[PDB]
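Q: I'd like to ask some things about the structure below.
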Amino acid sequence: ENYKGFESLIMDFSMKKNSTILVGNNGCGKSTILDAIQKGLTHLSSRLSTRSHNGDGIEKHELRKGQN
Amino acid sequence: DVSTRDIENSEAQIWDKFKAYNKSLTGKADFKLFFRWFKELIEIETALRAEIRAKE
Amino acid sequence: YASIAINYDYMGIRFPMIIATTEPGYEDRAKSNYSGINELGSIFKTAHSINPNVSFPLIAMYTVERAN
RNA sequence: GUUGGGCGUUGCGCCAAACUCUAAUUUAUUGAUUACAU
DNA sequence: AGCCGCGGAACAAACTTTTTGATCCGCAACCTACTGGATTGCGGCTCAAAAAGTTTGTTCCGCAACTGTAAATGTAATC
Ligand SMILES: Nc1ncnc2c1ncn2[C@@H]1O[C@H](COP(=O)(O)OP(=O)(O)O)[C@@H](O)[C@H]1O
Numbered sequence: 069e070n071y072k073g074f075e076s077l078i079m080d081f082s083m084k085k086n087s088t089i090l091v092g093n094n095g096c097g098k099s100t101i102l103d104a105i106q107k108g109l110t111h112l113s114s115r116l117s118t119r120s121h122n123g124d125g126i127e128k129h130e131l132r133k134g135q136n
Numbered sequence: 205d206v207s208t209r210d211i212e213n214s215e220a221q222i223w224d225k226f227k228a229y230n231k232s233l234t235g236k237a238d239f240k241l242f243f244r245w246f247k248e249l250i251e252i253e261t262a263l264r265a266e267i268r269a270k271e
Numbered sequence: 137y138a139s140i141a142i143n144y145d146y147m148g149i150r151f152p153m154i155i156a157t158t159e160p161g162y163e164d165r166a167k168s169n170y171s172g173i174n175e176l177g178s179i180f181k182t183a184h185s186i187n188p189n190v191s192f193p194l195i196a197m198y199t200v201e202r203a204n
């Protein structure tokens, strides 16, 4: 929601299948979804391995231009 | 290619002909040199900058 | 688990400290607590404000590498 | 992939049928409801 | 609703590993016999100098479970 280039996105990855492929033009936002899967995978790894209880987060430059 | 490490390091040479051969056959499109050229070319056109220093 | 529980004193109330580090997993058997030492540092920080030239203690250690 | 019916080597196996806006219900010593003991 | 120590990070001076722009010195060339001047020229080898690439000491950023007088409650199901 109001990430880099997507206003509102909902996706569901298959569980009986072990491979999902993102296909699109250069400038649609397939890299954005992977960058959104991280910053949460970092948090999961941090709380599964370390005691830090810290990780990544949404920076000011990643806010959608105009939103808050 | 282009990242913060080149733009944030912006803060002269007259761009002679013998320059552009420099750092050409290396293997990277150095955006830092292009940004410096952009700045140098457009600077050809202080109180506000001093105000920015004082307010900071 | 591993814990160092040295206790300090300043001619009065005891100011404790526990330095602990446990492997992930067995995590509840030893935890650190820096309450007293933080309080003592706050005391000296306040002392430097009320009296700019206030006396501070000396802390130093010397291994064998002094003259080698 | 999901929903309702039927039989009984019944904390569910089988049979017989259906539906696809891109896309599945979880909280008690609480409050509302069904029910027994009052 | 407040914010513990822990560990990455965003920055920023120091080391540290090469990119470059001369300088040199064999080293075969002339020239003629051969040190031919009173010569050039030409390609490996080396030089610090400086624009690039790590490495390391400091400063904030975030986050969890529950708090001081305090409910055992026959069955199922809701937020
Ligand atoms: N602050 C912003 N405002 C508007 N658009 C943004 C902003 N930040 C990111 N974007 C969009 O995010 C896109 C980047 O695409 P990207 O995530 O790299 O996917 P891909 O690499 O597959 O092209 C760009 O099209 C850009 O417009």
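If you read the protein sequences in the order shown, they are chains D, H and X.
So for the first sequence, the UniProt record's numbering puts the first residue at 69; every next one is plus one.
Quick note on numbering: the second sequence equals residues 205 to 215, 220 to 253, 261 to 271 in the UniProt record's numbering.
So for the third sequence, the UniProt record's numbering puts the first residue at 137; every next one is plus one.
Note that beta-carbon positions come from the ideal geometry of N, C-alpha and C, so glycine has one too.
Could you check if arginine 119 of chain D belongs to the surroundings of ligand 1, using beta carbon to heavy atom distance under 7 Å?
A: Within the first sequence, residue 119 of chain D is the residue found at index 51, counting from 1. Outside the cutoff, so no.
Q: Report, in whole angstroms, the separation of the C-beta atoms of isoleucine 149 of chain X and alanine 141 of chain X, which I expect to be a contact under 8 Å.
A: As a first step, residue 149 of chain X is located in the third sequence; it is residue number 13 there, counting from the start. As a first step, residue 141 of chain X is located in the third sequence; it is residue number 5 there, counting from the start. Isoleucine 149 of chain X to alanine 141 of chain X, Cβ: 17 Å. No contact.
Q: Give me, in chain order, the residues of the same chain whose beta-carbon lies closer than 8 Å to that of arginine 165 of chain X; leave out the 5 immediate sequence neighbours on both sides.
A: Locating residue 165 of chain X in the third sequence gives position 29, where the first residue counts as 1. Here the set comprises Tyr137, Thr158.
Q: Report the three-state DSSP secondary structure of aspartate 145 of chain X (helix, strand or coil).
A: On the third sequence, position 9 is the one that residue 145 of chain X refers to. Strand, per DSSP.
Q: Please tell me whether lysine 247 of chain H and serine 214 of chain H are closer than 8 Å, where the distance is taken between their beta carbons.
A: For this step, residue 247 of chain H is matched to residue 39 along the second sequence. For this step, residue 214 of chain H is matched to residue 10 along the second sequence. Their beta carbons are under 8 Å apart, which means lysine 247 of chain H touches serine 214 of chain H by this criterion.
Q: Could you name the residues, in chain order, whose CB is less than 5 Å away from a heavy atom belonging to ligand 1?
A: Result: D:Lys72, D:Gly73, D:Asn94, D:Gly95, D:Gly97, D:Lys98, D:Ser99, D:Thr100, D:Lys133.
Q: To the nearest angstrom, report how far apart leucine 241 of chain H and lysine 133 of chain D are at their CA atoms.
A: For the purposes of this step, residue 241 of chain H is taken as the residue at position 33 of the second sequence. For the purposes of this step, residue 133 of chain D is taken as the residue at position 65 of the first sequence. Each residue's Cα considered, the two are about 28 Å apart.
Q: Residue 245 of chain X by DSSP, collapsed to three states: which one?
A: This structure cannot speak to residue 245 of chain X, because chain X is shown only from 137 to 204.
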